[PDB]
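Asker: Below is the file run_12.txt, which contains compact mmCIF, C-alpha atoms.
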# COMPACT_ATOMS: atom_id res chain seq x y z
CA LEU O 47 22.34 3.81 22.59
CA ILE O 48 19.33 2.06 24.14
CA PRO O 49 19.94 -1.25 25.95
CA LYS O 50 19.45 -4.59 24.23
CA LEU O 51 17.70 -6.02 27.31
CA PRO O 52 14.21 -4.61 26.44
CA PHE O 53 14.88 -4.05 22.74
CA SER O 54 15.57 -7.67 21.80
CA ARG O 55 12.28 -8.64 23.45
CA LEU O 56 10.40 -6.54 20.88
CA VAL O 57 12.49 -7.84 17.97
CA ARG O 58 11.64 -11.35 19.19
CA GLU O 59 7.94 -10.51 19.51
CA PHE O 60 7.80 -9.35 15.90
CA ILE O 61 10.02 -12.08 14.42
CA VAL O 62 7.61 -14.54 16.03
CA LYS O 63 4.63 -12.51 14.83
CA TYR O 64 5.46 -12.25 11.09
CA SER O 65 7.56 -15.35 10.41
CA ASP O 66 5.41 -17.83 8.50
CA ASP O 67 5.95 -21.12 10.34
CA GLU O 68 9.47 -21.25 11.71
CA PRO O 69 10.77 -18.43 13.90
CA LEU O 70 13.26 -16.72 11.62
CA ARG O 71 16.44 -16.98 13.31
CA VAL O 72 18.41 -13.71 13.46
CA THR O 73 21.96 -12.50 12.83
CA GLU O 74 23.90 -10.20 15.16
CA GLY O 75 24.28 -7.66 12.37
CA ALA O 76 20.52 -7.68 11.83
CA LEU O 77 19.94 -6.84 15.50
CA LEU O 78 22.55 -4.09 15.48
CA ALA O 79 21.12 -2.60 12.28
CA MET O 80 17.58 -2.62 13.67
CA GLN O 81 18.75 -0.91 16.86
CA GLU O 82 20.75 1.72 14.95
CA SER O 83 17.80 2.42 12.64
CA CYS O 84 15.27 2.73 15.44
CA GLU O 85 17.47 5.01 17.54
CA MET O 86 18.23 7.46 14.76
CA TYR O 87 14.63 7.28 13.49
CA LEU O 88 13.21 8.15 16.90
CA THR O 89 15.72 10.99 17.23
CA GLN O 90 14.61 12.21 13.79
CA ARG O 91 10.85 12.03 14.39
CA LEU O 92 11.18 13.65 17.81
CA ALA O 93 13.16 16.48 16.22
CA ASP O 94 10.45 17.02 13.61
CA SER O 95 7.62 16.92 16.16
CA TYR O 96 9.63 19.50 18.11
CA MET O 97 9.78 21.55 14.90
CA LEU O 98 5.98 21.58 15.03
CA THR O 99 6.27 22.59 18.70
CA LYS O 100 8.53 25.51 17.75
CA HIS O 101 6.09 26.37 14.96
CA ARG O 102 3.38 27.09 17.50
CA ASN O 103 5.78 29.34 19.49
CA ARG O 104 5.90 27.00 22.50
CA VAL O 105 8.97 25.13 23.75
CA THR O 106 7.42 22.02 25.36
CA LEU O 107 6.89 18.99 23.13
CA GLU O 108 3.52 17.35 23.82
CA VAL O 109 1.11 14.84 22.30
CA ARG O 110 -0.53 17.61 20.24
CA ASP O 111 2.62 17.70 18.11
CA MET O 112 3.19 13.94 18.20
CA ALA O 113 -0.34 13.45 16.88
CA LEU O 114 0.05 16.04 14.13
CA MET O 115 3.23 14.18 13.15
CA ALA O 116 1.29 10.90 13.10
CA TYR O 117 -1.31 12.53 10.85
CA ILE O 118 1.44 13.78 8.54
CA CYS O 119 3.50 10.61 8.08
CA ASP O 120 1.02 7.88 9.12
CA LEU S 47 -10.99 26.50 -12.43
CA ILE S 48 -8.13 28.89 -13.21
CA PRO S 49 -7.96 30.44 -16.71
CA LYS S 50 -5.83 28.96 -19.48
CA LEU S 51 -4.59 32.43 -20.51
CA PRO S 52 -1.81 32.60 -17.82
CA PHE S 53 -1.55 28.84 -17.22
CA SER S 54 -0.43 27.90 -20.74
CA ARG S 55 2.18 30.65 -20.35
CA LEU S 56 3.87 28.51 -17.71
CA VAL S 57 3.20 25.19 -19.42
CA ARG S 58 4.98 26.59 -22.50
CA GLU S 59 7.84 27.97 -20.42
CA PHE S 60 8.54 24.56 -18.93
CA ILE S 61 7.96 22.47 -22.07
CA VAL S 62 10.56 24.72 -23.68
CA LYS S 63 12.85 24.53 -20.65
CA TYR S 64 13.26 20.71 -20.41
CA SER S 65 12.39 19.85 -23.99
CA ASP S 66 15.59 18.14 -25.22
CA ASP S 67 16.01 20.09 -28.50
CA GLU S 68 12.50 19.98 -30.00
CA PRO S 69 9.66 21.87 -28.27
CA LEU S 70 7.43 19.03 -27.16
CA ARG S 71 4.03 19.15 -28.63
CA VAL S 72 1.72 18.80 -25.57
CA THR S 73 -1.81 17.56 -26.53
CA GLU S 74 -5.06 19.12 -25.28
CA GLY S 75 -5.57 16.23 -22.87
CA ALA S 76 -2.13 16.84 -21.37
CA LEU S 77 -2.98 20.52 -20.83
CA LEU S 78 -6.30 19.71 -19.16
CA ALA S 79 -4.67 17.08 -16.94
CA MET S 80 -1.93 19.49 -15.85
CA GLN S 81 -4.51 22.18 -15.08
CA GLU S 82 -6.69 19.78 -13.05
CA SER S 83 -3.65 18.49 -11.16
CA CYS S 84 -2.31 21.91 -10.27
CA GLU S 85 -5.70 23.20 -9.13
CA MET S 86 -6.45 20.32 -6.79
CA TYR S 87 -2.83 20.18 -5.58
CA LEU S 88 -2.86 23.86 -4.66
CA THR S 89 -6.21 23.42 -2.90
CA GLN S 90 -4.69 20.47 -1.01
CA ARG S 91 -1.45 22.17 0.04
CA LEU S 92 -3.29 25.34 1.07
CA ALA S 93 -5.62 23.24 3.21
CA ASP S 94 -2.65 21.56 4.89
CA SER S 95 -0.81 24.83 5.54
CA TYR S 96 -4.09 26.04 7.03
CA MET S 97 -4.04 22.94 9.22
CA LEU S 98 -0.71 24.25 10.53
CA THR S 99 -2.40 27.64 10.99
CA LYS S 100 -5.17 26.02 13.05
CA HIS S 101 -2.49 24.10 14.95
CA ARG S 102 -1.06 27.34 16.31
CA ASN S 103 -4.57 28.54 17.36
CA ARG S 104 -4.68 31.35 14.79
CA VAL S 105 -7.08 31.49 11.84
CA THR S 106 -5.10 33.58 9.35
CA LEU S 107 -2.87 31.63 6.97
CA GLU S 108 0.49 33.32 6.52
CA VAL S 109 3.97 32.61 5.15
CA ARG S 110 4.98 31.17 8.53
CA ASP S 111 2.74 28.19 7.76
CA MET S 112 3.56 28.12 4.05
CA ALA S 113 7.27 27.95 4.92
CA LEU S 114 6.82 25.19 7.49
CA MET S 115 4.90 23.32 4.77
CA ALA S 116 7.79 23.92 2.38
CA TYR S 117 10.18 22.41 4.93
CA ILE S 118 7.97 19.37 5.48
CA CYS S 119 7.45 18.26 1.87
CA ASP S 120 10.30 20.12 0.10
CA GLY P 29 1.51 32.68 -12.52
CA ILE P 30 -1.97 32.43 -10.99
CA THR P 31 -4.37 35.32 -11.37
CA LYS P 32 -5.09 37.10 -8.14
CA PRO P 33 -8.61 35.88 -7.15
CA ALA P 34 -8.09 32.29 -8.31
CA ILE P 35 -5.68 31.88 -5.40
CA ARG P 36 -8.48 33.13 -3.15
CA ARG P 37 -10.99 30.73 -4.70
CA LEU P 38 -8.66 27.76 -4.20
CA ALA P 39 -8.06 28.86 -0.61
CA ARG P 40 -11.82 29.06 -0.02
CA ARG P 41 -12.19 25.58 -1.51
CA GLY P 42 -9.50 24.34 0.87
CA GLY P 43 -11.36 25.62 3.92
CA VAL P 44 -9.03 28.58 4.43
CA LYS P 45 -11.13 31.31 6.02
CA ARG P 46 -8.58 34.15 6.16
CA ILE P 47 -5.49 34.81 4.07
CA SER P 48 -2.39 36.96 4.48
CA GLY P 49 -1.32 39.32 1.72
CA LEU P 50 2.04 37.64 1.17
CA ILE P 51 0.31 34.28 0.56
CA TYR P 52 -0.36 34.83 -3.14
CA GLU P 53 3.31 35.24 -4.01
CA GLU P 54 4.17 32.22 -1.87
CA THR P 55 1.32 30.28 -3.48
CA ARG P 56 2.68 31.18 -6.90
CA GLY P 57 6.06 29.81 -5.88
CA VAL P 58 4.37 26.59 -4.81
CA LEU P 59 2.64 26.28 -8.17
CA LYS P 60 5.86 27.02 -10.02
CA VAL P 61 7.55 24.24 -8.07
CA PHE P 62 4.83 21.63 -8.57
CA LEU P 63 4.10 22.12 -12.26
CA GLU P 64 7.80 22.57 -12.98
CA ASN P 65 8.54 19.14 -11.57
CA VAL P 66 5.51 17.53 -13.23
CA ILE P 67 6.18 18.92 -16.71
CA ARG P 68 9.85 17.98 -16.33
CA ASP P 69 9.04 14.35 -15.56
CA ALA P 70 6.36 14.23 -18.24
CA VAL P 71 8.64 15.73 -20.88
CA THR P 72 11.41 13.34 -19.90
CA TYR P 73 9.13 10.34 -20.31
CA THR P 74 7.88 11.66 -23.65
CA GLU P 75 11.56 12.06 -24.49
CA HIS P 76 12.43 8.52 -23.43
CA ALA P 77 9.50 7.05 -25.38
CA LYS P 78 10.81 8.91 -28.46
CA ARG P 79 7.57 10.78 -29.04
CA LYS P 80 7.09 14.42 -29.94
CA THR P 81 4.00 15.19 -27.87
CA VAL P 82 3.22 15.36 -24.17
CA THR P 83 0.04 13.38 -23.50
CA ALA P 84 -2.42 12.96 -20.65
CA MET P 85 -0.79 9.60 -19.92
CA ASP P 86 2.60 11.34 -19.75
CA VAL P 87 1.06 13.76 -17.25
CA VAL P 88 -0.14 10.71 -15.30
CA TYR P 89 3.37 9.26 -15.36
CA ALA P 90 4.76 12.57 -14.07
CA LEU P 91 2.17 12.82 -11.28
CA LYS P 92 2.69 9.22 -10.23
CA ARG P 93 6.45 9.86 -10.19
CA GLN P 94 6.02 12.36 -7.33
CA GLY P 95 5.20 10.39 -4.14
CA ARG P 96 4.57 13.46 -1.95
CA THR P 97 1.46 14.38 -3.97
CA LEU P 98 -0.88 12.90 -1.38
CA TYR P 99 0.34 14.57 1.81
CA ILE H 27 7.83 -1.50 24.43
CA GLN H 28 7.00 -2.45 28.01
CA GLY H 29 10.65 -2.12 29.00
CA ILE H 30 11.93 0.39 26.43
CA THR H 31 14.04 2.51 28.73
CA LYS H 32 12.42 5.69 30.01
CA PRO H 33 15.70 7.68 30.25
CA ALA H 34 16.63 6.30 26.82
CA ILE H 35 13.53 8.04 25.43
CA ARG H 36 14.80 11.15 27.20
CA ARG H 37 18.29 10.69 25.71
CA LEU H 38 16.93 10.35 22.18
CA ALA H 39 14.83 13.47 22.73
CA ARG H 40 17.92 15.36 23.90
CA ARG H 41 19.82 14.18 20.82
CA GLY H 42 17.01 15.48 18.62
CA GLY H 43 17.23 18.96 20.13
CA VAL H 44 14.06 18.59 22.22
CA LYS H 45 14.53 20.80 25.27
CA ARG H 46 11.38 20.06 27.31
CA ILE H 47 9.18 16.96 27.17
CA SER H 48 5.65 16.17 28.31
CA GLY H 49 4.89 13.17 30.50
CA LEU H 50 2.56 11.54 27.97
CA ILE H 51 5.38 11.58 25.38
CA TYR H 52 6.99 8.30 26.49
CA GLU H 53 3.99 6.10 25.67
CA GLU H 54 3.47 7.92 22.36
CA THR H 55 7.14 7.41 21.49
CA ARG H 56 6.76 3.73 22.39
CA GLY H 57 3.81 3.52 20.01
CA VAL H 58 5.93 5.16 17.30
CA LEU H 59 8.74 2.66 17.85
CA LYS H 60 6.33 -0.28 17.76
CA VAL H 61 4.90 0.98 14.46
CA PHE H 62 8.28 1.57 12.84
CA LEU H 63 10.08 -1.57 14.01
CA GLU H 64 6.97 -3.67 13.35
CA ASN H 65 6.81 -2.53 9.72
CA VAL H 66 10.56 -2.99 9.25
CA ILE H 67 10.61 -6.50 10.74
CA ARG H 68 7.52 -7.42 8.71
CA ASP H 69 9.18 -6.41 5.43
CA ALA H 70 12.54 -7.98 6.34
CA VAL H 71 10.97 -11.29 7.37
CA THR H 72 8.85 -11.28 4.22
CA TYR H 73 11.91 -10.80 2.02
CA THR H 74 13.83 -13.52 3.87
CA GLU H 75 10.80 -15.73 3.26
CA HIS H 76 10.67 -14.95 -0.47
CA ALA H 77 14.40 -15.67 -0.79
CA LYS H 78 13.72 -19.02 0.96
CA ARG H 79 16.22 -18.43 3.75
CA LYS H 80 15.91 -19.15 7.46
CA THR H 81 17.71 -16.10 8.88
CA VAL H 82 17.06 -12.37 8.92
CA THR H 83 20.22 -10.59 7.83
CA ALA H 84 21.53 -7.03 7.85
CA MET H 85 20.86 -6.95 4.10
CA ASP H 86 17.26 -7.98 4.76
CA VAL H 87 17.04 -5.11 7.25
CA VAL H 88 18.38 -2.84 4.50
CA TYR H 89 15.68 -4.11 2.13
CA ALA H 90 13.01 -3.47 4.77
CA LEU H 91 14.29 0.06 5.48
CA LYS H 92 14.52 0.86 1.77
CA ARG H 93 10.96 -0.44 1.31
CA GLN H 94 9.63 2.38 3.53
CA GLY H 95 9.85 5.67 1.58
CA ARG H 96 8.73 7.91 4.46
CA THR H 97 11.90 7.14 6.45
CA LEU H 98 13.51 10.39 5.34
CA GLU F 17 -8.74 9.69 2.07
CA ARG F 18 -6.62 11.90 -0.18
CA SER F 19 -5.02 8.93 -1.98
CA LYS F 20 -8.37 7.56 -3.18
CA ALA F 21 -9.34 10.96 -4.61
CA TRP F 22 -6.03 11.37 -6.44
CA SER F 23 -6.26 7.84 -7.82
CA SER F 24 -9.77 8.59 -9.09
CA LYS F 25 -8.58 11.80 -10.73
CA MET F 26 -5.70 9.96 -12.39
CA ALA F 27 -8.07 7.23 -13.60
CA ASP F 28 -10.06 10.10 -15.14
CA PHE F 29 -6.99 11.53 -16.92
CA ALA F 30 -7.01 8.17 -18.73
CA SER F 31 -9.33 9.59 -21.40
CA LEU F 32 -9.19 11.24 -24.80
CA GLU F 33 -6.48 13.78 -25.59
CA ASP F 34 -6.49 14.86 -29.21
CA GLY F 35 -5.21 18.14 -30.64
CA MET F 36 -1.41 17.95 -30.83
CA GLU F 37 0.04 21.45 -30.65
CA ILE F 38 3.34 23.11 -31.50
CA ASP F 39 3.29 24.93 -28.22
CA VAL F 40 4.23 28.48 -29.25
CA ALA F 41 2.71 28.10 -32.74
CA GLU F 42 -0.53 27.07 -30.97
CA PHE F 43 -0.72 29.16 -27.80
CA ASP F 44 -1.61 32.29 -29.77
CA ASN F 45 -5.01 30.56 -30.04
CA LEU F 46 -5.47 30.19 -26.27
CA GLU L 17 19.47 16.60 3.87
CA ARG L 18 18.18 13.61 5.83
CA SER L 19 18.15 11.32 2.77
CA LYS L 20 21.94 11.41 2.31
CA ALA L 21 22.49 10.48 5.97
CA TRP L 22 20.05 7.56 5.84
CA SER L 23 21.59 6.31 2.59
CA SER L 24 25.02 6.47 4.21
CA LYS L 25 23.77 4.52 7.22
CA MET L 26 22.19 1.89 4.96
CA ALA L 27 25.38 1.61 2.92
CA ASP L 28 27.06 1.01 6.29
CA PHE L 29 24.60 -1.78 7.17
CA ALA L 30 26.01 -3.69 4.18
CA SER L 31 28.68 -5.10 6.51
CA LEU L 32 29.41 -7.51 9.41
CA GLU L 33 26.61 -9.96 10.28
CA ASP L 34 27.74 -13.30 11.68
CA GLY L 35 26.30 -15.07 14.73
CA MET L 36 22.99 -16.67 13.72
CA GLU L 37 20.70 -16.99 16.75
CA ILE L 38 17.61 -18.99 17.67
CA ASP L 39 16.15 -15.91 19.17
CA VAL L 40 14.89 -17.07 22.57
CA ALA L 41 17.45 -19.88 22.84
CA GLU L 42 20.10 -17.16 22.54
CA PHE L 43 18.55 -14.03 24.07
CA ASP L 44 19.32 -15.40 27.54
CA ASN L 45 22.90 -14.41 26.63
CA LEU L 46 22.02 -10.74 26.04
CA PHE L 47 22.32 -9.65 29.68
What does the file become when written as structure tokens?
Answerer:
Amino acid sequence: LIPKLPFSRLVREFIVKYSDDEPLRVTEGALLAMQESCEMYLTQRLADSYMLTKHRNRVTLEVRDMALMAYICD
Amino acid sequence: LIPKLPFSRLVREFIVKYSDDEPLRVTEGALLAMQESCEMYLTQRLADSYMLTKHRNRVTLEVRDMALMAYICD
Amino acid sequence: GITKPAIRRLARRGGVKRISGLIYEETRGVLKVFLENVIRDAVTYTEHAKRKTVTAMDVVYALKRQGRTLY
Amino acid sequence: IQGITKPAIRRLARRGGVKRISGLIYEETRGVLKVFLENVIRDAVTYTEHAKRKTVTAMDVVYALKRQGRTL
Amino acid sequence: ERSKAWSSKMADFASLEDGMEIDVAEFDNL
Amino acid sequence: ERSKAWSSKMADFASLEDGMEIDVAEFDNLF
């Protein structure tokens, strides 16, 4: 897993950003679920960008593939 | 556009296949809409597979790219 | 499924400059997939609505019930 | 994002089967994370706000994830 | 930019249809 | 398939939650 130390800062940033008027508090389960989701989602999207990498018969993932991925899935 | 002669072949095949006991009558507007949709969708998906082609610095679209496309969007 | 040259004409519309010989068969498969889903959904909606005829609106319902149509 | 652990990016890459990585990748990955998490939190907060509750819950996270479509 | 074009095309499909067919009994005449 | 795995994970998320926080006022205690 990634550490909570820098992760919770970003969760806090965005809770503050999109809560209407009161910062919207948080549960522990919410934090754990967000962390789980983001870890497996980054694993997933890296794997697919590396599939693009493999597709062009090179083994080194680079921003070419990351950007094609961004163009595919917004 | 593609010709109706072989297209309605397939439209009939699949109306019959999923019909639920009565062959399902399929108006002229339905036929035209299906034809339009399939033509522009094939243009689209060919263009995107050719984007994969370009991505690997080759200009000739081949089943390598078609199959990667199949993996991406089922 | 598709003719032979209509595949070429759609490729040339899509900006494809060169094509492999296998492509047509693969392209046909693609078409078979797409239409087969669309008609399915359309028929099913026509079947839910208790009508006897597939319509342009039923085609629209089938297309909209795809999601991956755009990219 | 600023502190999202560099070797943690490496570890997620190695989980995904990525063998070699470019140096630019980390900032791009951070961008990706910001996008994803930002959308998720947005949706979750918005649902918590519609339900007239004060606390984001795991169920609200589930609603936000489900209201994505391109997650798969 | 694709989504706008598809939404236009679908808005077009919202148009007249007529000529109910009995697919096989019709398709001889295609 | 990916979809099955994500749906499993989300079904999992329907679980343990407790420990409401006032994010900053509690994030000091995440070290």
Asker: Please determine the contact residues of chain S with respect to chain F at a cut-off of 9 Å, counting all atoms listed in the file, and supply them as a PyMOL selection string.
Answerer: chain S and resi 50-51+54-55+57-58+61-62+69-79+82-83+86+90
Asker: For a test of reading the model, state the distance in Å between CA of residue 77 in chain P and CA of residue 93 in chain H, rounded to one decimal.
Answerer: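 According to the coordinates, CA of residue 77 in chain P and CA of residue 93 in chain H are separated by 27.8 Å.
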Asker: After superposing chain S onto chain O (least squares, all C-alpha atoms, pairing by order), export the transformed chain as a tab-separated table (two decimals) with C-alpha atoms, keeping the file's coordinate frame.
Answerer:
chain	number	residue	atom	x	y	z
S	47	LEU	CA	22.35	3.82	22.56
S	48	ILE	CA	19.35	2.05	24.11
S	49	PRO	CA	19.94	-1.28	25.92
S	50	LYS	CA	19.45	-4.62	24.20
S	51	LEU	CA	17.66	-6.04	27.26
S	52	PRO	CA	14.21	-4.54	26.35
S	53	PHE	CA	14.90	-4.06	22.63
S	54	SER	CA	15.41	-7.75	21.79
S	55	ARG	CA	12.12	-8.33	23.64
S	56	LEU	CA	10.36	-6.48	20.84
S	57	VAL	CA	12.55	-7.82	18.04
S	58	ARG	CA	11.61	-11.34	19.20
S	59	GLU	CA	7.93	-10.44	19.49
S	60	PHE	CA	7.83	-9.29	15.88
S	61	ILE	CA	10.06	-12.00	14.39
S	62	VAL	CA	7.62	-14.45	15.97
S	63	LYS	CA	4.60	-12.45	14.81
S	64	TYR	CA	5.31	-12.37	11.03
S	65	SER	CA	7.58	-15.39	10.84
S	66	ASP	CA	5.68	-17.69	8.44
S	67	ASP	CA	5.84	-20.90	10.53
S	68	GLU	CA	9.51	-21.03	11.57
S	69	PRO	CA	10.87	-18.40	14.00
S	70	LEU	CA	13.33	-16.55	11.80
S	71	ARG	CA	16.82	-16.69	13.03
S	72	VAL	CA	17.92	-13.00	13.03
S	73	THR	CA	21.76	-12.62	12.95
S	74	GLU	CA	23.75	-10.28	15.22
S	75	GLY	CA	24.24	-7.84	12.35
S	76	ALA	CA	20.48	-7.69	11.80
S	77	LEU	CA	19.94	-6.89	15.49
S	78	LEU	CA	22.56	-4.13	15.48
S	79	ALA	CA	21.14	-2.64	12.28
S	80	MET	CA	17.60	-2.62	13.68
S	81	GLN	CA	18.81	-0.98	16.89
S	82	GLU	CA	20.77	1.71	15.01
S	83	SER	CA	17.81	2.38	12.71
S	84	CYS	CA	15.28	2.71	15.50
S	85	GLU	CA	17.50	5.00	17.57
S	86	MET	CA	18.23	7.46	14.78
S	87	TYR	CA	14.64	7.28	13.50
S	88	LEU	CA	13.24	8.14	16.91
S	89	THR	CA	15.74	10.99	17.26
S	90	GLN	CA	14.63	12.21	13.81
S	91	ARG	CA	10.87	12.01	14.40
S	92	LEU	CA	11.19	13.63	17.84
S	93	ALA	CA	13.16	16.47	16.26
S	94	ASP	CA	10.45	16.97	13.64
S	95	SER	CA	7.60	16.90	16.17
S	96	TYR	CA	9.64	19.47	18.09
S	97	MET	CA	9.77	21.51	14.89
S	98	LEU	CA	5.97	21.52	15.06
S	99	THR	CA	6.28	22.55	18.72
S	100	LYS	CA	8.52	25.48	17.74
S	101	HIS	CA	6.07	26.29	14.95
S	102	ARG	CA	3.35	27.03	17.48
S	103	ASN	CA	5.74	29.27	19.51
S	104	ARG	CA	5.88	26.91	22.49
S	105	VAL	CA	8.98	25.02	23.62
S	106	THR	CA	7.45	21.98	25.32
S	107	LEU	CA	6.88	18.96	23.08
S	108	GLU	CA	3.54	17.32	23.79
S	109	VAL	CA	1.14	14.79	22.27
S	110	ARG	CA	-0.49	17.58	20.26
S	111	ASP	CA	2.67	17.68	18.13
S	112	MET	CA	3.24	13.92	18.23
S	113	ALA	CA	-0.31	13.40	16.92
S	114	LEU	CA	0.04	15.96	14.15
S	115	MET	CA	3.25	14.13	13.20
S	116	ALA	CA	1.33	10.85	13.21
S	117	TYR	CA	-1.22	12.37	10.82
S	118	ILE	CA	1.47	13.69	8.49
S	119	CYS	CA	3.52	10.51	7.96
S	120	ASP	CA	1.03	7.83	9.12
Asker: Please, which residues in chain H fall within 12 Å of chain P when counting only C-alpha atoms, and what is the closest atom pair and distance in Å to one decimal for each, ordered by chain then residue number, as a tab-separated table?
Answerer:
residue	atom	partner	partner_atom	distance
H:94	CA	P:95	CA	11.9
H:95	CA	P:95	CA	8.8
H:96	CA	P:96	CA	9.4
H:98	CA	P:96	CA	11.9
Asker: For residue 58 in chain P, which residue out of S:116, S:105, S:97, S:80 is the nearest one, using only C-alpha atoms?
Answerer: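 Result for the nearest residue to residue 58 in chain P: S:116.
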Asker: Output as a CSV table (one decimal) with C-alpha atoms, keeping the file's coordinate frame the set of chain H residues within 6 Å of chain O, with distances taken over only C-alpha atoms.
Answerer:
chain,number,residue,atom,x,y,z
H,29,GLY,CA,10.6,-2.1,29.0
H,30,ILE,CA,11.9,0.4,26.4
H,34,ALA,CA,16.6,6.3,26.8
H,38,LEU,CA,16.9,10.4,22.2
H,42,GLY,CA,17.0,15.5,18.6
H,46,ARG,CA,11.4,20.1,27.3
H,47,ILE,CA,9.2,17.0,27.2
H,48,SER,CA,5.6,16.2,28.3
H,68,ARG,CA,7.5,-7.4,8.7
H,80,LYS,CA,15.9,-19.2,7.5
H,81,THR,CA,17.7,-16.1,8.9
H,82,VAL,CA,17.1,-12.4,8.9
H,83,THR,CA,20.2,-10.6,7.8
H,84,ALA,CA,21.5,-7.0,7.8
Asker: Which value, in Å to one decimal, gives the distance between CA of residue 53 in chain H and CA of residue 114 in chain O?
Answerer: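 These two atoms are separated by 15.7 Å.
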Asker: Return as number ranges by chain the residues belonging to chain P that are within 7 Å of chain S, counting all atoms listed in the file.
Answerer: P: 29-30, 34, 38-39, 41-44, 46-48, 50-51, 59, 63-64, 67-68, 71, 80-84, 87, 96
